[PDB]
Amino acid sequence: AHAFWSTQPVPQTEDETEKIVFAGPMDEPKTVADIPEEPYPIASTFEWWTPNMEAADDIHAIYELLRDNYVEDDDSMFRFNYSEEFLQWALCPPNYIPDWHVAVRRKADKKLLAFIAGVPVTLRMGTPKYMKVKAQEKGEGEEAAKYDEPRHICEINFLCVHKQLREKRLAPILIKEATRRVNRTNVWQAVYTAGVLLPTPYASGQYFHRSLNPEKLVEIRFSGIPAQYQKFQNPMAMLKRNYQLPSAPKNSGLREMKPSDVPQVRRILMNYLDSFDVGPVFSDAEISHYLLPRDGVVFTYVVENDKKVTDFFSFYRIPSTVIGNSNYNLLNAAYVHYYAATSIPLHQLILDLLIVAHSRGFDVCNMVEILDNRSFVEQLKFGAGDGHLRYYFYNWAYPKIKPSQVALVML
Ligand SMILES: CCCCCCCCCCCCCC(=O)SCCNC(=O)CCNC(=O)[C@H](O)C(C)(C)COP(=O)(O)OP(=O)(O)OC[C@H]1O[C@@H](n2cnc3c(N)ncnc32)[C@H](O)[C@@H]1OP(=O)(O)O
Ligand SMILES: Cc1nn(C)c(C)c1NS(=O)(=O)c1c(Cl)cc(Br)cc1Cl
Ligand SMILES: [Cl-]
């Protein structure tokens with residue numbers, strides 16, 4: 001039973017989602033004028049607050065709420081610690097809508113109690129290729145193509161209720177208020193992800209992890225040791241050697257992305273992402289925002305030869321707090337972001353990502369098996385983890401797809 005989710009315009013079971021053949025809306029059509037003008041009611045001791053996520057002190061308040069109360073692993077050993085600069089980056093892309101950043105404060109002392117954030121995304125989310133084939137067989141091409149045009153929707157992230165307020169049904173109220181604010185701007189779909197199972201994913205992908213500092217990852221119990229390593233005199237020296245990386249990039253012509261690369265990077269990325277069923281469409285402004293290097297936040301390198309950008313990769317940083325180990329404060333993770341290879345094998349491109357990350361002090365490189373990430377797992381010594389990232393839409397029927405048909409990277 002889902003007392004809140006059963007009231008919302010999402011498919012309600014796996015069986016229902018298995019039956020979906022075409023993309024399109026779930027809810028009755030509505031207009032802006034049908035949506036309440038006034039914020040959703042909340043208890044008198046609380047208030048809605050729209051932080052200013054370019055104002056250092058408002059970003060710091062959200063930063064502390066998430067530092068202390070956002071996602072943990074299942075054994076409460078790690079908690080994300082998104083930085084203030086990452087939150088400004090992630091929450092304020094070009095043409096962001098300040099009103100889609102929604103917080104609850106205690107009215108008395110203005111203590112931040114809860115948050116949810118929406119940002120605009122232009123997403124291709126029409127009927128997937130395998131379903132378009134079926135539709136053709138059956139003379140239903142028109143229906144299947146109806147919602148092919150990329151749509152200006154909301155991407156939700158950073159839903160967080162303070163630990164002391166858990167299981168009080170506040171998260172439904174935050175969801176309904178963000179829904180309201182987004183529908184008042186004439187947007188009626190959202191995309192979101194979660195590491196938990198909710199009604200009802202259109203795709204799910206396992207996490208994968210590439211050890212860059214194995215001694216630390218073992219110390220903090222992120223990683224362990226294959227029992228096979230016991231057959232050795234010295235399990236840990238073997239482990240270090242197994243994961244060792246070059247000290248410098250191997251692709252000649254690799255260098256950091258610069259602003260003048262934006263149009264070439266836009267072209268090679270958009271050519272590559274068009275091959276997947278679900279994927280974002282980025283303007284030059286959005287390429288600049290999401291890909292130009294920002295210290296401590298996003299790292300992006302291009303391969304340039306004959307003065308042409310022919311490949312690139314990016315990764316972003318999320319440290320996690322190491323909750324139980326006295327000797328390390330943080331686990332410094334690099335996450336595979338967007339990339340495109342046209343001149344070299346993808347494994348050869350992504351090897352230099354691992355090199356760069358290691359050289360910069362990262363402990364592990366994480367990814368979900370979206371894009372073509374499965375194509376370099378074994379050669380680059382990524383291992384599958386225990387996490388699974390599920391992809392969802394709000395108000396959008398969508399057939400089940402493999403995660404290798406998803407090109408949207410979630411921050
Ligand atoms: C058109 C525009 C649409 C805009 C909106 C689009 C939809 C966006 C949807 C949000 C996308 C977020 C994407 C991310 O940010 S995923 C990251 C989620 N955040 C965390 O995991 C941080 C740690 N945990 C918390 O802060 C709290 O435990 C949260 C806030 C998660 C729940 O708080 P609490 O534990 O205090 O519970 P409650 O009594 O208030 O509420 C219980 C209800 O909440 C449902 N629940 C639990 N977890 C999630 C979850 N991850 N997404 C959606 N629903 C969730 C649960 O099934 C139940 O409903 P029902 O089972 O009774 O029916
Ligand atoms: C390093 C780390 N920080 N946090 C908050 C979690 C859950 C981890 N572990 S993890 O391996 O990288 C991981 C991550 Cl990033 C995301 C999910 Br969903 C599940 C897991 Cl288990
Ligand atoms: Cl793991």
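Conventions we followed
- Residues numbered from 1 in each chain as written, not as in the entry; some residues may be left out.
- Chains lettered and ligands numbered in written order.
- Heavy atoms only, no water.
- Residues with missing side-chain atoms left out of burial classes, pairs and counts.
- Core = buried A, V, L, I, M, F, W, Y, C linked by side-chain atoms within 4.5 Å.
- Buried < 20%, exposed > 50% of the residue type's maximum accessible area, 1.4 Å probe, protein only.
- Contact = heavy atoms within 4.5 Å.
- Salt bridge = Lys/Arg side-chain N within 4 Å of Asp/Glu carboxyl O.
- Helix = DSSP H or I, 4+ residues; strand = E, 2+ residues; numbered from the N terminus.
- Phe/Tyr/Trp six-rings, centres within 6.5 Å; stacked < 30°, edge-to-face > 60°.
- UniProt positions renumbered as here; feature names shortened; annotations may be inferred.
- 1 Å grid on protein atoms, 1.4 Å probe; cavity = no way out; pocket = protein on both sides within 12 Å on 5 of 7 lines; lining within 4 Å.
- Points joined across faces, edges and corners; volume = space filled by probe spheres on them.
- Nonpolar A, V, L, I, M, F, W, Y, C, P; charged D, E, K, R; others polar.
- Near = heavy atom within 4 Å.
- Areas by Shrake-Rupley, 256 points an atom, 1.4 Å probe, with all protein chains shown as cover.

As recorded in the PDB header, X-ray crystallography is the method behind this entry, and the stated resolution is 1.50 Å.

Caption draft 1: Inspection of the nonpolar core at higher detail. One finds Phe86, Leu87, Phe158, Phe313 and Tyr339 to be the most contacted residues of the largest nonpolar core, which totals 106 residues. Those residues in contact with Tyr339 that sit more than four places away from it in its chain are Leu269, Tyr272, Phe312, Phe313, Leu346, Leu349, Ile350, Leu371, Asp372, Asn373 and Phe376. Counting residues in hydrophobic clusters, the runner-up holds 25 residues, among them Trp5, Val161, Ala178 and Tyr394.

Caption draft 2: Geometry of the pattern of salt bridges. Here the structure, examined in full by the defined rule, presents 20 salt bridges. Note that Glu47 is salt-bridged to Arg105, the shortest N-O span being 3.1 Å. Remark: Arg105 occurs in strand 3 (residues 101-106) and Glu47 occurs in strand 1 (residues 46-49); sequence separation between them is 58 residues. On the basis of relative accessibility, which here comes to 13%, the residue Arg105 falls in the buried class. The partner of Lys129 in a salt bridge is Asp277, with the nearest N and O atoms 2.8 Å apart. Of this pair, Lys129 sits in helix 4 (residues 129-137) while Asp277 sits in the loop between helix 9 (262-273) and strand 9 (279-280), and the two are 148 residues apart along the sequence. A single salt-bridge network, built from bridges that share partners, covers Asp99, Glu177, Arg180 and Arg181.

Caption draft 3: Inspection of the packing of aromatic side chains at higher detail. Applying the stated criterion across every chain yields a total of 31 aromatic pairs. With centroids separated by 5.2 Å and ring planes inclined at 75 degrees, the aromatic side chains of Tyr147 and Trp396 adopt a geometry described as edge-to-face. Of this pair, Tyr147 sits in the loop between helix 5 (141-145) and strand 5 (151-161) while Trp396 sits in the segment after strand 14 (383-394), placing them 249 residues apart in sequence. Overall, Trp396 belongs to the buried group, its relative accessible area being 2%. Every member of this aromatic cluster is reached through a ring pair, and the members are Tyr70, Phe80, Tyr82, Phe86, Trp89, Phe158, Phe282, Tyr290, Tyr316, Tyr335 and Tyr338.

Caption draft 4: Representation of the UniProt feature "domain: Glycylpeptide N-tetradecanoyltransferase C-terminal" (unreviewed entry) in the protein chain within the structure. Per the UniProt annotation, the sites labelled "domain: Glycylpeptide N-tetradecanoyltransferase C-terminal" (unreviewed entry) are residues 219-402. Taken end to end, residues 219-402 comprises 24% helix and 31% strand; its first and last C-alpha atoms sit 35 Å apart.

Caption draft 5: Quick peek at the layout of surface pockets. Estimated volume of the second largest pocket: approximately 530 Å³. Lining the second largest pocket we find 26 residues, and of these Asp27, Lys30, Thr179, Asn183 and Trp188 sit closest to its centre. Looking at the lining of the second largest pocket element by element, the count peaks at 5 residues for helix 6 (residues 170-184). A class-by-class count of the residues in the lining of the second largest pocket yields 11 nonpolar, 6 polar and 9 charged.

Caption draft 6: Inspection of the UniProt feature "domain: Glycylpeptide N-tetradecanoyltransferase N-terminal" (unreviewed entry) in the protein chain at higher detail. Per the UniProt record, "domain: Glycylpeptide N-tetradecanoyltransferase N-terminal" (unreviewed entry) is found at residues 26-203. Along residues 26-203 one finds 29% helix and 24% strand; the C-alpha atoms at either end are 18 Å apart.

Caption draft 7: View of the site of ligand 1. Around ligand 1, a shell composed of 31 residues is seen, among which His2, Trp5, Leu159, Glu167 and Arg169 lie nearest. Bound to the protein, ligand 1 loses 87% of the 1200 Å² it would expose on its own. Secondary-structure elements contributing two or more residues to the shell around ligand 1 are strand 5, helix 6 and strand 6 (190-194). Counting residues per element, the shell around ligand 1 draws most heavily on helix 6, which supplies 7 residues. When grouped by side-chain class, the residues that make up the shell around ligand 1 number 20 nonpolar, 7 polar and 4 charged.

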